[PDB]
Amino acid sequence: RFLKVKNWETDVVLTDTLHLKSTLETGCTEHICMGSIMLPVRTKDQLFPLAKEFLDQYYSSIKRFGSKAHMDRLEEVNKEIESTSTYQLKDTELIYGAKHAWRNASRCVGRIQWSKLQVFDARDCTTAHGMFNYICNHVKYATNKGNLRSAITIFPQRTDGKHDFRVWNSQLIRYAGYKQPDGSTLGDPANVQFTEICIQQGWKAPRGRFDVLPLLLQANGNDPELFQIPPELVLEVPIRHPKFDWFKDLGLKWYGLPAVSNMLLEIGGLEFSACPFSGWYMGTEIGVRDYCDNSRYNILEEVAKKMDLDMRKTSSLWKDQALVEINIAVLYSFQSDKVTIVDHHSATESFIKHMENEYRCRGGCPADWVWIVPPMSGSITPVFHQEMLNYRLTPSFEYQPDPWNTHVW
Amino acid sequence: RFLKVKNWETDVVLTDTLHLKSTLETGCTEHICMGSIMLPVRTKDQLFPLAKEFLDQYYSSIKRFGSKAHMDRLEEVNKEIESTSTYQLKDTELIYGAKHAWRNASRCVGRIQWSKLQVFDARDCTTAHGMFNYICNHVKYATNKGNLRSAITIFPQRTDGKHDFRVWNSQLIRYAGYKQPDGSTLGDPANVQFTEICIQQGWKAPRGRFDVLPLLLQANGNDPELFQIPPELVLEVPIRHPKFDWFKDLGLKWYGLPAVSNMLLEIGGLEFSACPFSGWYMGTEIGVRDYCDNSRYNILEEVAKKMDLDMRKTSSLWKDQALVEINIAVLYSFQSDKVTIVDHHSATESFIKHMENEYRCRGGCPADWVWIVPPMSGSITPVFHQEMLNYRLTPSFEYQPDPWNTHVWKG
Ligand code: HEM
Ligand code: HEM
Ligand SMILES: CNCC#Cc1cc(F)cc(CCc2cc(C)cc(N)n2)c1
Ligand SMILES: CNCC#Cc1cc(F)cc(CCc2cc(C)cc(N)n2)c1
Ligand SMILES: C[C@H](O)[C@H](O)[C@H]1CNc2nc(N)[nH]c(=O)c2N1
Ligand SMILES: C[C@H](O)[C@H](O)[C@H]1CNc2nc(N)[nH]c(=O)c2N1
Ligand SMILES: [Zn+2]
């Protein structure tokens with residue numbers, strides 16, 4: 001019950017005790033492992049133990065467990081729940097909860113940065129225009145002229161489920177997708193449904209292959225509203241190769257800021273349904289997944305052709321060769337334009353160091369191998385040879401239904 | 001109960017019912033997933049239900065469930081267990097068993113081939129010399145001059161655990177590794193400890209970078225004995241690159257036959273502790289893992305040097321670049337010498353078709369994503385996008401401890 005993890009490249013063995021503090025379910029049982037499954041209104045009852053657990057770890061973290069300030073705060077929240085059917089976090093607790101939600105994100109390879117997160121308190125927001133303002137300020141702060149900085153903006157918490165704040169976009173910045181009469185796909189096929197709901201809601205699209213989508217913002221349970229992000233706030237990078245001068249004519253570009261906006265943040269039982277956060281890209285997210293997934297921009301074939309590779313037989317590894325060159329260019333382009341990016345070798349080495357830090361100072365680090373190992377060159381990165389234990393700690397980020405499936409219109 | 005898996009590239013959804021016939025445990029709980037963890041003496045008591053379940057499975061597959069043949073066999077096995085505390089499998093049951101152990105191996109991406117396994121019955125073997133002979137015949141058969149054929153050889157089952165048959169080699173064909181006084185390694189670093197044992201047992205080592213190890217064979221719980229596989233039986237492939245002529249000068253080669261010899265075969269509660277099996281290679285096993293793991297031959301740097309890549313910054317992806325060229329060379333060399341090999345694109349595509357077939361005809365296909373996805377170019381293969389369920393079915397292949405850690409020496 002005190003578990004060991006081994007690195008098979010280095011024989012380093014770590015002992016995990018942090019998992020004993022876990023609480024939520026994994027999806028797995030002793031008869032079946034669901035490790036590769038993508039996705040496996042609270043009453044007054046459920047709330048106070050949740051608050052208590054959180055406050056206990058918060059006051060522990062500032063070395064005031066069993067202090068009178070601790071007992072008093074527990075007292076105050078207890079009477080506030082008994083009274084108001086909910087409670088409000090102090091600023092200090094909010095910042096702690098958000099930083100620890102990132103710390104606990106088992107699928108995130110970038111967590112060595114977890115304690116340097118800028119938290120923007122937007123709990124005073126009441127309207128979609130106000131949400132837009134907070135989001136523009138977030139985007140500008142985080143982008144920082146290419147020197148990216150981690151940030152999260154937190155909108156008001158769920159009350160009765162009918163007054164929910166939601167960002168309808170999956171990320172703050174993404175490209176539109178249109179299914180053409182031809183039958184093909186112009187732009188990002190992953191965003192076809194959402195692009196429809198923008199047009200079917202009022203948007204007028206340029207119908208190009210890299211059009212930045214508008215924000216669709218929902219405040220207090222109302223109908224969502226369209227806003228265009230000021231183009232000067234959206235930092236983009238043209239993609240060039242340091243060797244193939246024909247690479248330009250492909251016409252590729254990508255945005256600098258990865259900013260997830262559809263997740264749910266849980267802290268001490270409270271639910272924050274609108275909590276966009278951003279960091280900086282790992283190169284493979286763009287070059288491997290965005291550009292070379294068959295259900296995305298799927299450019300492999302075209303690039304292979306311009307390299308004049310033998311595409312007759314799969315065993316010539318022409319896909320593999322092109323894949324590497326595409327990813328060299330993404331990194332090269334960002335680097336040249338001085339926009340923060342990390343390669344998968346550096347990021348995974350960072351994560352190993354973070355793991356050893358967490359095992360030493362916290363007794364563990366929940367981690368999902370299936371998501372942590374990069375989508376190219378897996379076994380030449382150190383995380384491939386690293387055993388990992390996956391379990392759920394709170395505060396946490398969780399998935400939630402798409403709004404258009406839920407919103408009573 | 002029912003369970004659904006989804007392919008996120010194609011949106012194909014499958015329904016698993018086979019998991020209901022799962023018995024052994026996974027290591028996971030509702031509170032922790034052990035999915036990336038590498039690793040997890042039997043009485044009359046537990047044995048007859050294990051036998052009964054196996055015989056029910058067998059007679060079902062041959063459309064004879066509940067027949068008098070079925071009932072007589074159950075009664076016969078029952079009496080034999082109560083009388084002798086164990087029992088013997090018929091040839092037909094053994095063949096069925098070995099095939100289904102492969103069919104059930106959730107870490108194996110090559111299972112589309114499972115029904116075409118050649119099973120060699122070596123249960124009459126009594127000495128290490130006899131084991132050597134059976135193993136030579138297996139290697140000749142399986143190699144087939146480069147037209148590889150899947151096979152398995154099955155030695156006598158465990159009795160009291162004091163009389164085990166064991167092949168001490170992890171694979172039948174492997175290169176020696178030697179630790180030098182300056183701390184460097186000559187040959188395959190993975191095999192240093194085993195090489196040391198062989199030498200201690202009296203092997204005269206050539207001490208080169210690709211020396212084929214001797215077989216170390218244990219019969220009936222006796223001390224293991226050393227044997228050299230006849231060189232004319234060990235097919236090897238010199239590694240060259242189709243565009244880079246300097247690649248041959250690196251002096252690389254590899255053997256053609258992947259043959260695992262340290263696993264345990266469990267069938268109807270019986271335990272076969274020596275059961276070498278062989279197939280053919282997927283290119284990445286050699287090109288990515290054997291050559292490029294830091295803890296193996298580790299040739300990324302010399303290859304990258306000769307390609308004159310920018311090796312200063314890792315963001316040049318000089319490692320990824322060299323890795324691809326090496327895997328091109330491995331496939332090119334095998335194909336050119338007409339030795340059976342499959343690339344990771346072909347193999348994963350075949351596995352997806354296998355898996356879908358198994359869902360329709362069998363109700364499921366247990367699979368371990370962590371092992372099925374290839375160690376390079378993961379997401380451009382179709383298995384990356386495929387949800388999989390992992391559970392344990394019997395008959396099965398299992399890990400067992402290394403024999404040098406458990407053996408009682410006679411002297
Ligand atoms: C600063 C640099 C960061 C890097 C390089 C990074 C990297 C990544 C990557 C590569 C993934 C895999 C996701 C995918 O493949 O789609 C991921 C997942 C995730 N990241 Fe990070 N991240 C960073 C910052 C952050 C921040 C600031 C937060 C929150 C405050 C965060 C929270 C998460 C969460 C919750 C997931 C998994 C969500 C899911 O299950 O889909 N990350 N990250
Ligand atoms: C015919 C071609 C075959 C191919 C291409 C193939 C491929 C593979 C690969 C790539 C692995 C992962 C191994 C590693 O990364 O070290 C594996 C594992 C495995 N294979 Fe297959 N295999 C084949 C035939 C067979 C046969 C004939 C058997 C048994 C009768 C078998 C049983 C297994 C088992 C039990 C594992 C589990 C490995 C472990 O847990 O250590 N395979 N196979
Ligand atoms: C069906 N599942 C869809 C999804 C998803 C997703 C969720 C996440 F939380 C982060 C990312 C990757 C985006 C990202 C975000 C940040 C903050 C940094 C980074 N490098 N990448 C993807
Ligand atoms: C501690 N672990 C020891 C081990 C092991 C092992 C077991 C296996 F079942 C297969 C392979 C991979 C070798 C292999 C075997 C076969 C039959 C085919 C193939 N392509 N590769 C390794
Ligand atoms: C089915 C499988 O779980 C799915 O394809 C996962 C695999 N690993 C992943 N890993 C990351 N980082 N991101 C992903 O989207 C996925 N997809
Ligand atoms: C820690 C992790 O389980 C380990 O490195 C695994 C990952 N996946 C693998 N997959 C295959 N096919 N072979 C392996 O040896 C491994 N090693
Ligand atoms: Zn699991």
Side-chain angles (χ1 to χ4, degrees), chain A residues 5-9 34-40 107-109 282 284-285 288-289 293 344 367-375 378-379 381-388, chain B residues 5-9 34-40 98-114 116-119 142 148-154 170-171 258-260 262-265 275-286 288-290 293 340-344 346-348 350-351 368-375 378-379 381-388 395-399:
Chain A
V5 286
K6 171 163 169 176
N7 183 297
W8 289 84
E9 189 191 347
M34 293 214 154
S36 70
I37 304 298
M38 187 98 63
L39 319 157
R107 291 180 163 168
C108 176
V109 72
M282 180 172 67
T284 54
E285 293 178 86
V288 183
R289 304 304 311 282
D293 268 9
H344 50 288
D368 188 343
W369 193 102
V370 165
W371 274 66
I372 295 290
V373 174
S379 70
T381 69
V383 287
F384 181 93
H385 314 268
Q386 179 69 58
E387 287 179 349
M388 300 172 189
Chain B
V5 290
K6 173 176 177 182
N7 186 294
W8 286 89
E9 170 181 11
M34 315 264 289
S36 67
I37 310 294
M38 189 96 59
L39 311 169
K99 283 177 185 194
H100 278 259
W102 183 10
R103 189 185 193 178
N104 292 341
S106 61
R107 291 176 164 178
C108 174
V109 71
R111 282 179 285 166
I112 191 172
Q113 292 281 335
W114 71 271
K116 296 148 202 180
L117 173 66
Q118 177 64 44
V119 178
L148 268 52
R149 296 183 283 199
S150 304
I152 179 161
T153 295
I154 303 171
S170 59
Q171 300 174 11
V260 172
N262 57 3
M263 285 188 83
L264 187 148
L265 171 57
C275 60
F277 56 83
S278 61
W280 51 83
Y281 267 114
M282 176 167 74
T284 51
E285 298 178 75
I286 308 160
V288 187
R289 307 300 314 283
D290 295 328
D293 274 10
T340 303
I341 197 165
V342 63
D343 65 76
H344 53 285
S346 298
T348 52
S350 292
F351 182 74
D368 187 340
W369 195 98
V370 168
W371 273 67
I372 293 293
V373 175
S379 70
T381 71
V383 284
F384 182 95
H385 304 279
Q386 180 68 55
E387 288 183 345
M388 300 171 192
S396 66
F397 291 108
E398 305 289 345
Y399 299 111

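Every chain is numbered from 1 and lettered A, B, ... according to where its sequence line falls, protein lines coming before strand lines. In listed order, ligands and their atoms are each counted from 1.
Heavy atoms of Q386(A) found under 4.0 angstrom from ligand 6 belong exclusively to the backbone. In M388(B), neither the side chain nor the backbone holds a heavy atom less than 4.0 Å from any atom of ligand 5. By the criterion of a heavy-atom distance under 4.0 Å, the side chain of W369(B), and not its backbone, is placed next to ligand 5. Neither the backbone nor the side chain of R111(B) has a heavy atom within less than 4.0 Å of ligand 2. Residue contacts with ligand 2 for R107(B) involve both N, CA, C or O and side-chain atoms from C-beta outward (heavy atoms, distance under 4.0 Å). The residue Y281(B) has no part lying near ligand 2, judged by heavy-atom distances below 4.0 Å.
Interface of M282(B) with ligand 2, defined as ligand atoms under 4.0 Å from a residue heavy atom, comprises 10 (C). Every atom of ligand 2 is numbered from 1 in the order shown, and the set under 4.0 Å from a heavy atom of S150(B) is 1 (C). In summary, the atoms of ligand 6 found under 4.0 Å from a heavy atom of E387(A), numbered by their order in the structure, are 1 (C). Shown in contact with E285(B) at under 4.0 Å from a heavy atom are these atoms of ligand 2, numbered in order with element: 10 (C). Atoms of ligand 5 lying under 4.0 Å from at least one heavy atom of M38(A), given by number and element, are 4 (C).
Residues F397(B) and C275(B) meet the side-chain proximity criterion, which asks for heavy atoms closer than 4.5 Å. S379(B) places a side-chain heavy atom less than 4.5 Å from the side chain of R289(A). In this structure, the side chains of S278(B) and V260(B) stay at 4.5 Å or more apart for every pair of heavy atoms. A heavy-atom distance below 4.5 Å is found between the side chains of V383(B) and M388(B).
Between atom 22 (N) of ligand 2 and the options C108(B), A151(B), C275(B), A105(B), the minimum heavy-atom separation is to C108(B). Of the options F351(B), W280(B), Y399(B), the smallest heavy-atom separation from atom 41 (O) of ligand 2 is shown by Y399(B).
A heavy-atom separation below 4.0 Å is not found between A347(B) and ligand 2. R289(B) counts as a contact of ligand 6, since one of its heavy atoms falls under 4.0 Å from the ligand. Residue contacts with ligand 2: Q113(B) is excluded, as none of its non-hydrogen atoms falls under 4.0 Å. Residue contact check for ligand 2: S278(B) places a non-hydrogen atom closer than 4.0 Å to it.
Stacking of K116(B) on the aromatic ring of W114(B) is not recorded, the 6.0 Å distance cut-off and the 45° axial limit not both being met.
The NZ atom of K99(B) sits 8.5 Å away from the CD atom of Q118(B) when rounded to the nearest 0.5 Å. For the atom pair CZ (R103(B)) and SG (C108(B)), the distance works out to 13.5 Å, reported to the nearest 0.5 Å. Here the straight-line distance linking atom CE of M38(B) with atom OH of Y399(B) works out to 7.5 Å at 0.5 Å rounding. Atom CZ of residue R107(B) and atom CD1 of residue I372(B) lie 10.0 Å apart, to the nearest 0.5 angstrom. Summarising the geometry, atom CG belonging to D293(B) is positioned 7.5 Å from atom CZ belonging to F384(A); distances are rounded to the nearest 0.5 Å.
Of the protein's heavy atoms, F277(B) CE1, 3.7 Å lies nearest to atom 32 (C) of ligand 2. Regarding atom 3 (O) of ligand 6, its nearest protein heavy-atom neighbour is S36(B) O, 2.8 Å. Ranking protein heavy atoms by distance to atom 12 (C) of ligand 2, first place goes to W371(B) CE3, 3.7 Å. Among all protein heavy atoms, the one lying closest to atom 26 (C) of ligand 2 is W102(B) CE2, 3.3 Å.
Looking only at distances, no side-chain donor or acceptor of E387(A) sits under 3.5 Å from a matching main-chain atom of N7(A). Under the 3.5 Å distance criterion, the side-chain polar atoms of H344(B) are left unmatched by any main-chain donor or acceptor of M282(B).
Considering backbone and side-chain atoms together, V370(A) places an N or O closer than 3.5 Å to an N or O of ligand 5. Residue-to-ligand polar distances place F384(B) within reach of ligand 5: an N/O pair is separated by less than 3.5 Å. Considering backbone and side-chain N/O atoms, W371(A) comes within less than 3.5 Å of an N/O atom of ligand 5.
Residues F277(B) and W102(B) place their aromatic rings such that the two centres sit no closer than 6.0 Å.
Considering every non-hydrogen atom in both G35(A) and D368(A), the closest pair reads O-OD1, 4.3 Å.
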